[PDB]
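Below are the chains, spelled out letter by letter.
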Amino acid sequence: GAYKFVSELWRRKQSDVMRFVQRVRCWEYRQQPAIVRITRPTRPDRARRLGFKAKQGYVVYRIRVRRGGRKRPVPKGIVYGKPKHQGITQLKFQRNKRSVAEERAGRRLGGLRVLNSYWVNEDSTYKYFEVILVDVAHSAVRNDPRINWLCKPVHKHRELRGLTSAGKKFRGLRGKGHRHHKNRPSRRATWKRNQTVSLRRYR
Amino acid sequence: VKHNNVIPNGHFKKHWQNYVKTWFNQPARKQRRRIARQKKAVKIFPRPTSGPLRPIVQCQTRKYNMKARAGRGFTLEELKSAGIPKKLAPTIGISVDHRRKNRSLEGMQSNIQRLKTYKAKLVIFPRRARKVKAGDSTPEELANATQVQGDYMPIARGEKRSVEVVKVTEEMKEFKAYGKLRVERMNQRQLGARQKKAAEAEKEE
Amino acid sequence: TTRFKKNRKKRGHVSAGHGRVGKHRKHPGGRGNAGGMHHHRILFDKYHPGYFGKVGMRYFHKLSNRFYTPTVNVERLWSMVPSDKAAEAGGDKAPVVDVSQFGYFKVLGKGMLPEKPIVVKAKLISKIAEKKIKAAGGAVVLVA
Amino acid sequence: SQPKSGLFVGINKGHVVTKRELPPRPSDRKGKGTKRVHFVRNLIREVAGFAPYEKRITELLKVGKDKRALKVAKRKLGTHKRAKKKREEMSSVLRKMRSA
Amino acid sequence: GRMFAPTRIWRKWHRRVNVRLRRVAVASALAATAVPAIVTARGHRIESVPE
RNA sequence: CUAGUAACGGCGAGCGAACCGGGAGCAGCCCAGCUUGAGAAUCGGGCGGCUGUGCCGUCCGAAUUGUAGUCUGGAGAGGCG
RNA sequence: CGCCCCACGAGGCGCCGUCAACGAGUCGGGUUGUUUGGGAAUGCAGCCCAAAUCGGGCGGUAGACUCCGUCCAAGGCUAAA
RNA sequence: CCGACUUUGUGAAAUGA
Ligand SMILES: [Mg+2]
Ligand SMILES: [Mg+2]
Ligand SMILES: [Mg+2]
Ligand SMILES: [Mg+2]
Ligand SMILES: [Mg+2]
Ligand SMILES: [Mg+2]
Ligand SMILES: [Mg+2]
Ligand SMILES: [Mg+2]
Ligand SMILES: [Mg+2]
Ligand SMILES: [Mg+2]
Ligand SMILES: [Mg+2]
Ligand SMILES: [Mg+2]
Ligand SMILES: [Mg+2]
Ligand SMILES: [Mg+2]
Ligand SMILES: [Mg+2]
Ligand SMILES: [Mg+2]
């Protein structure tokens, strides 16, 4: 039982052991390309719990993403409108950077399907997410009873559409009661359902 | 606006004509659902068409607490005390609901009574032809089973209106029920101050 | 029914019934309740006194179930008693009625009662209702 | 607990129905600390060390200023409920270090 | 161009009548047939019908 | 249906859901973890054979930074019947 | 309708009391923008703060305490309507 | 333009506690 030991070791993220081993990795990462194939998870126990396996076809990609919000890309900062949509620089994006990393890897890696992603490193400029992807064509993945669900055609570009673990968080689906009822089935499906003027036959 | 009228409140400022929902497919909905039910019945011949069994439960919510209705499944405690295993109740057409809680013997015994009646009037075909194992039923019993239709156990929604006639005792007449009703409203209002005054007796006294 | 619509009778009269001098333009008074405090003021303060302003304290997440108390006056109770169990009675024996079996919670007290004793059994009652029932000789049982 | 009063208003109001005592369920022990996980967390506590706010709380307790220790623990952790119990755990870790 | 106020599918194609008023109407439809004079006045050829 | 209601709003114009209840349909599941260590029991690819959506024999390889197996909180692991 | 007969392995049921592990820059907090009916802040997002295991989230007014009811997140799949 | 937090580590003295 090593994964529990390494789990608390990675829980104590302000201890000096993680401060060291994590700053040196931050340098190494900052010196490599944005999207890079890594042959082993750096956080094997985090990957286990999110469905990584030491089995062929599960690949791990380190995607570097930048930090900070979204500044409105207009011709100078000149927004034609009323004073209430006339701001530029304090707006925040509506997808977490974890999902942005998954959806960068989704565009780079055409043939493979994103499964999950987990935080590994960060600094003032960047965050680093290690994204578990699956090759849906190799026989070792086609013959696993537990992960066929990803080879059915309704699962193309999950991350491009909001269906992974990080996707649901920004979709508002971590939550069940009120406080989260408008986000099921989706906020736009709720909006349509609530706007339909139902005119019955014998109204 | 103009002459005395109720103040207008039409919610017709968005693009509502893009979302008008007209119901002209309503009869076809009915016919489609009917065909769906008919073919489900044909596939599940000779299981009852009502599907699996359900519990008598009370509704929530003061408005409806006094009205019984159908539930989602018998709790593990009923399924255990009826001799009907957890894993096997959905197999023999009894729902199971792991989430409910039983707080009253009355509810628990009522749902046991439904389980016992169902197990009395349930017939189960053998998994194979000649091999009749435990829980099955006799060939001559099986030969007369049909597809029971509709609600083969109706749940009476509320207790029947009986208005009987009894003595008017003087120990009944003397009871001041309005004063009673006001006194415990006092008890509820004062429960704060009374327990404060009490607790300070321990603190100081 | 188009054949009854009075516009069909205004065919041939140039103005279609909205005047020559002052015409029928689009919205000469604003869209809807506009000008409540400005020019429709006379209207809103003559025919709708009390429209403008805040009164009373907010109640977050009101559930209408918690405010639910269907009432019955005393005058209605004997209708609840079928004739044959009205006859199965004497001077001293009275029918026992549980109103909750009828869907009422409170038993208010408007109206007459006969001399006949009646034993109502309710979840709430008022002053006057019990006074009328006792004065009729019947009694009260509180339940829930 | 004991049944309702049976009268529609008042302290413990409602309808009398005979109450039943619910046998324990899993997730009634949810989070009951266990021998091995206490082992695991102990060991990595010692191997990793203390965070800087944890060390500052140790210092405020080894001086004895428990109000300030709570105050900084709150400003870090976020809520009174967690701040008080992080202070409680650092008092534990400091008594168990002065014990020898 | 268009037509003025183009017709829309959400006109009131179906109308409702009280169920008891349908029952009243069908009873008074029956009650009128039992009359040879109104069956005739409605246009049917009834001159050899026995009763 | 709740409900143009609670709410929200230069509390102005306006905006506006939810629990309860009635119906339609109803179905639950599987992983990571402590748990083969007398023994990787797992998977893939090449080649060959057949009964060909696969199965078998052999070689190479992946995998001990853990594949498979038990377990998923309603439990469960054990011992007993 | 016929030939093949299902076990010492798994499950169920009952007894036990000893175990009984449950997902981390994740929740939570501050602040900022947007969003909402969500109002001392409904969601979401950035930044900074940054966890717990007699423990965590809720009970629609911010707060401390006592009790109560409730559920167990941060991994995944799932027809019908 | 400016301050604070952040990437941001290592150790030395002088004044303040
Ligand atoms: Mg614009
Ligand atoms: Mg428009
Ligand atoms: Mg004229
Ligand atoms: Mg003319
Ligand atoms: Mg006119
Ligand atoms: Mg004109
Ligand atoms: Mg003139
Ligand atoms: Mg005019
Ligand atoms: Mg003029
Ligand atoms: Mg003016
Ligand atoms: Mg045309
Ligand atoms: Mg209404
Ligand atoms: Mg937006
Ligand atoms: Mg907000
Ligand atoms: Mg804000
Ligand atoms: Mg899904």
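Residues numbered from 1 in each chain as written, not as in the entry; some residues may be left out. Chains lettered and ligands numbered in written order. Part of a larger assembly, values for the part shown. Heavy atoms only, no water.

Structure determination for the deposited model, as stated in its record, used cryo-EM, and the stated resolution is 3.4 Å.

The PDB entry annotates chain D as 60S ribosomal protein eL36 originating from Triticum aestivum.

For chain A, the PDB entry supplies the name 60S ribosomal protein eL15 and the organism Triticum aestivum. Reading the Sequence similarities (unreviewed entry) entry of the UniProt record for chain A gives the comment "Belongs to the eukaryotic ribosomal protein eL15 family." (UniProt positions renumbered as here; feature names shortened; annotations may be inferred.)

1. Considering the overall build of chain A
In terms of regular secondary structure, chain A is built from seven helices and five strands. Helices (α) and strands (β) of chain A occur, in sequence order from the N terminus, as α-α-β-α-β-α-β-β-α-α-α-β. Since a compact globule built from 203 residues should have a radius of gyration of about 17 Å, the 21 Å found for chain A marks it as more spread out than a globular shape. Seen through its C-alpha atoms, chain A measures out along the principal axes to roughly 65 × 50 × 35 Å. Put simply, chain A has 203 residues, and 36% of those count as buried. Within chain A, contacts between residues separated by at least 24 positions form 60% of all contacts whose residues are at least 6 apart in sequence. (Helix = DSSP H or I, 4+ residues; strand = E, 2+ residues; numbered from the N terminus. Rg over C-alpha atoms; globule rule 2.2 N^0.38 Å. Buried < 20%, exposed > 50% of the residue type's maximum accessible area, 1.4 Å probe, protein only. Contact = heavy atoms within 4.5 Å.)

2. Overview of the protein's contact with RNA strand G
Around RNA strand G sit 75 residues in total, of which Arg49(A), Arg67(A), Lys131(B), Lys30(D) and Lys85(D) are the nearest. Backbone atoms, meaning sugar and phosphate, make up 66% of the atoms of RNA strand G lying within 4 Å of the protein. Between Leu77(D) and RNA strand G, the recorded distance is 3.1 Å, taken from a backbone N or O atom to a base nitrogen. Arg82(D) places a side-chain nitrogen or oxygen 2.7 Å from a base oxygen of RNA strand G. At the level of secondary structure, the elements contributing two or more residues to the surface near RNA strand G comprise α1 (3-11), α3 (44-49), α4 (97-108), β3 (113-122) and α6 (165-171) of chain A together with α1 (35-48), α3 (66-77) and α4 (80-98) of chain D. Looking at the surface near RNA strand G element by element, the count peaks at six residues for α4(D). Of the residues assigned to the surface near RNA strand G, the class counts are twelve nonpolar, 24 polar and 39 charged. (Near = heavy atom within 4 Å. Polar contact = N/O pair within 3.5 Å; in protein donor to acceptor, adjacent residues only side chain to side chain. Nonpolar A, V, L, I, M, F, W, Y, C, P; charged D, E, K, R; others polar.)

3. Describing the side chain of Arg158(A)
Relative to the elements of secondary structure, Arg158(A) occurs in the loop between α5 (139-142) and α6. Here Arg158(A) sits buried without a salt bridge, and the closest side chain of opposite charge, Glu159(A), lies 6.1 Å off (N-O distance). (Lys, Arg positive; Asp, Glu negative; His and termini not counted. Salt bridge = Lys/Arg side-chain N within 4 Å of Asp/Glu carboxyl O.)

4. A look at the arrangement of the chains
Between all seven pairs of chains that are in contact, chains B and C come out with the most contacts. Separating chain A from chain C is a minimum C-alpha gap of 11 Å, and the two share no contact. With no contact between them, chain D and chain E keep their nearest C-alpha atoms 41 Å apart.

5. Re the interface of chain C and chain B
Interfaces are often sized by the amount of accessible area the parts lose when they come together. Chain C puts 37 residues into the contact, and the matching count from chain B is 29 residues. For the chain C and chain B pair, buried surface summed over both sides reaches about 3,200 Å², with 61% attributable to carbon and sulfur atoms. Three residues stand out in chain C for area buried against chain B, namely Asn65(C), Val96(C) and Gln101(C), and they jointly supply 18% of the buried area on that side. For the interface between chain C and chain B, the tally reads one salt bridge. The interface formed by chain C and chain B includes ten residue pairs in polar contact. When residues of the side of chain C that touches chain B are assigned to their parent elements, the largest contribution, four residues, is made by strand β2 (residues 93-98) of chain C. Of the residues assigned to the side of chain C that touches chain B, the class counts are 19 nonpolar, nine polar and nine charged. Examined bridge by bridge, strand β4 (residues 165-167) of chain B and β2(C) share three bridges and lie antiparallel to one another. Bridged to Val165(B) within β2(C) is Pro95(C). (Buried area = accessible area lost by both parts, 1.4 Å probe. Pairing = 2+ DSSP bridges.)

6. A look at the protein's contact with RNA strand H
Residue and element names in this part refer to chain A. Lining the immediate environment of RNA strand H, one finds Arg19, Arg23, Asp123 and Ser124. Near-protein atoms of RNA strand H (within 4 Å) split between backbone and bases, with sugar and phosphate holding 92%. One nitrogen or oxygen atom from the side chain of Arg23 is found 2.9 Å from a phosphate oxygen belonging to RNA strand H. Its residues placed into classes, the surface near RNA strand H shows no nonpolar, one polar and three charged.

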